[PDB]
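Chains as they are written, first to last, in the working numbering: chain A, 1 to 110; chain B, 1001 to 1150; chain C, 2001 to 2117; chain D, 3001 to 3142; chain E, 4001 to 4056; chain F, 5001 to 5027. Have a look at the structure below before the remarks.
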RNA sequence: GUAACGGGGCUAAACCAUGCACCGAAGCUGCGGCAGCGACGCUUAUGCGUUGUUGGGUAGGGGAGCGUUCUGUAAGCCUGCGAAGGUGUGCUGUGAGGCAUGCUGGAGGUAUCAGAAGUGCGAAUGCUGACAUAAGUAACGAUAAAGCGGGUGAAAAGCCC
RNA sequence: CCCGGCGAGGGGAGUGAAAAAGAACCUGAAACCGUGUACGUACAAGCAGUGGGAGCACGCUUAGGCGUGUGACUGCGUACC
Ligand SMILES: O=C(N[C@H](CO)[C@H](O)c1ccc([N+](=O)[O-])cc1)C(Cl)Cl
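Next comes the structure, spelled out in structure tokens:
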């Protein structure tokens, strides 16, 4: 009984969210949250909401029992890049990409 | 192309490819290296090669039994339906009609029938005589076509 | 009468990237790199049809030599022996016989020894 | 049809003793090289190791002809500054006689991963004996 | 002070092979309040080693 | 309400003046 | 850095003279296959069919072809039972190609023979747009300088007292 | 109706032929970025291919040492314009 939750257009690069996503891949959901709670990363706050959202999706709609769930899939994809300009010396201009991510977390009792 | 005559670049020193014109045909917008003009596509045909050609096709029509000769071919009132009845009776459907004079009733009745065309002997052409399954000529139509090609 | 390229050009590229499957890095991804890779694959392929026929014979000869010397004669004398005995069995077959029927091979050594003396 | 091929998970590789006393250096190293490769097995196969294991005792008593015992020089570099070290045959026998037999065959074995694999089966001793008595090697006059 | 060739995606991966985070895996429980907490730190309720320090 | 941004990423900055400028050679 | 036998090595595995033996190429033979020319008391528009010989190619010349778009046949066939496009798979031509149907897609599709070309892209420091790399690397823009308590507050170094 | 800062963004229900047609909306290619399995890889040196050519894994080879993948060892081998 796979159940999904997602944060689309999270403002962090996929690279940075992935470090944290990796810590909880395959883990019991109760054990995963504690790991997230004491990981000192902005990205730990973003995905944790998603995991908790996913847990609540499992109780309310069908699944339930917090005991049975594991983080069976988690993957963090690239969102669109916002385009901006940074002035450099001698009138030269640089692009900056303010990169985003799609964070997906999947939970299941089996 | 609408636009300006200024070189974009300083010729040298900038790292870009050298440019002369934002209307160059390599550039987005304002291309078209060898642009088209209105032109006349019409071709010459020798008088004799035209007549010779009409004769060859007409002679084939005879050989393939697609040419139909009749004493008269006309219609009473200008009603396409009336013509339609006649054509079924003659076992014709996809057909060119060539008549002795530009008969008007016949001309009017045929306009809405796509598979039927009417023509006076004077106004014949090579492709119409081919483009229909059967071709009908009046006796008078023959005599006029004959004189014309001779 | 404007003619657009979209459909045909993709088909031509897809043929090449398909010939480049299994190749490393850009050679299986990037047409410009793949196209050079696939041709050179072809150049070597042509070549090694000719090379293949050199390599296998060297193998057969090397194996007959081993088995000939096992029955107490060198390759060079053994083949000469068979030729003067008018035996024509080629080295693909002899190298096969050298492996799977050592007793038949010994019998071909005597046949070639008799003629050679 | 298609040709036979040795399978490394089937091939047999046997055990031999060889006395290197009085034997000419490289005129023995040749026959070791040959046999370590399995060139003598009719089921020889260039990419597979069909060779045999070879003990060599009395490496300290292998001979060389002419003036080579004193004049023959072995060079190697240390990847440094001066690097070039140098030592005569007589000095090699003295220091470590096993090296002379080992250097000899190695330069006659194919160079490459298999090449390096064949060499592993050469077990040269300096003395007149070995610890491989359980391997039941049978004597070889080579 | 610049690449002569574009480095590969595999090499990129290798370079990142030490970027991985470490989980603490050593949270402890106050014997009075029952909360998990980092070792040698107070709890969210302001407990430490069974005794009520602070008050919040 | 997330309308595309102004961005203001028009890039006519190219190309600024470009001296060596520079080593002296070689006479 | 041995370093002027390619090297391991050779008193001979060196040179000289004689003699046999084998390895060796895309050389020649064999079997299978395609293609161009030439001669046939031939067939005899010619196709055939045996024989003969030729098929390394830059600039260039000569000869054959494939595909893309458009007009005709063209009020001509296919199509909601699923068109193009996309993406999978199968077979076949000497090649451009070609044919076949797994799933998407959700309306257009087009034999044959004709005709006309904005007709085929990897390079032009070609153009426009996306997206990589270096890289999670440099930097966060006066060396005037901050520390604590409250408060608000989802959350406070920066906000208010 | 839920998670959720009376947020964003998601998950349900419902509309709708179809929502993997949902306003960042016909189709929806690739460079590029991911997750999932198959095999390979830490004594082994170079236009990354090709000729050999062991395993191991699939589709049973659907009884036939047959197809796909992967491919250790090994012979040849300095991109294109
Ligand atoms: O640009 C110069 N040097 C070029 C480098 O491209 C060249 O190597 C050079 C060097 C020395 C020299 N000289 O000594 O007269 C002249 C040219 C100037 Cl110094 Cl001439």
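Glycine residues also receive a C-beta, built at the ideal position from the N, C-alpha and C atoms.
Within its own chain, the residues whose Cβ lies closer than 6 Å to the Cβ of residue 1096 of chain B, once the five positions on either side in sequence are excluded, are 1117, 1128, 1132 and 1135, listed in chain order. Residues of the region 2092-2114 of chain C with a C-beta atom less than 9 Å from some C-beta of chain D are 2092, 2095, 2096, 2098, 2099, 2100, 2102 and 2105, listed in chain order. Here residue 4053 of chain E is exposed. Its C-beta has fewer than 16 other C-beta atoms within 10 Å.
Counted as a single uninterrupted DSSP element, the alpha helix (DSSP H) harbouring residue 4011 of chain E occupies residues 4009-4015. For residue 1138 of chain B, the enclosing beta strand (DSSP E) covers residues 1134-1138. Counting along the chain, residue 3057 of chain D sits inside no alpha helix (DSSP H); it lies in the beta strand (DSSP E) bounded by residues 3053-3057. Taking the Cα of residue 3116 of chain D as reference, the smallest distance to any Cα among D:3047, D:3134 and D:3133 is reached at D:3047. In this structure the region 2096-2111 of chain C does not touch the region 3014-3021 of chain D; the number of beta carbon pairs closer than 8 Å is below three.
The three-state reading of DSSP puts residue 1102 of chain B in coil, since its state is none of H, G, I, E or B. At least one heavy atom of ligand 1 falls within 7 Å of the beta-carbon of residue 5026 of chain F.
For residue 20 of chain A, the uninterrupted alpha helix (DSSP H) segment begins and ends at 14-24.
Contact with chain A is found for residue 4024 of chain E, since one of that chain's Cβ atoms lies less than 8 Å from the residue's Cβ. With fewer than 16 other CB atoms across the displayed protein chains lying within 10 angstroms of its CB, residue 4038 of chain E is exposed. Under the three-state reduction of DSSP output, residue 82 of chain A falls in the strand class. Put simply, the backbone Cα of residue 1106 of chain B is about 28 Å away from that of residue 1063 of chain B.
Within the DSSP secondary-structure output, residue 3074 of chain D pairs in a beta bridge with D:3087. Excluding its 5 nearest sequence neighbours in each direction, residue 62 of chain A has C-beta neighbours in its own chain below 7 Å: 1, listed in chain order. Note: residue 77 of chain A is bridge-paired with A:102 in the DSSP secondary-structure output.
By alpha-carbon distance to residue 5020 of chain F, the top candidate from B:1014, B:1018, B:1025 and B:1023 is B:1014.
Within the model, the alpha-carbon separation for residue 2037 of chain C versus residue 2044 of chain C is close to 11 Å. The distance from the Cβ of residue 44 of chain A to that of residue 101 of chain A is about 14 Å, inconsistent with a contact at the 8 Å cut-off.
Annotation: residue 3068 of chain D to residue 3091 of chain D spans about 12 Å, alpha carbon to alpha carbon. In terms of CA proximity to residue 15 of chain A, A:76 leads the group A:89, A:87 and A:76. Within the same chain, Cβ atoms closer than 6 Å to the Cβ of residue 3026 of chain D are found at 3104, the five residues on either side in sequence being excluded. DSSP, read as helix, strand or coil, puts residue 2023 of chain C in coil. Between the alpha carbons of residue 105 of chain A and residue 49 of chain A lies a gap of roughly 10 Å.
When Cβ-Cβ separations below 8 Å define contact, residue 3016 of chain D makes no contact with chain C. Among the residues facing chain C, residue 3111 of chain D is not included, as its CB has no counterpart in that chain under 8 Å away.
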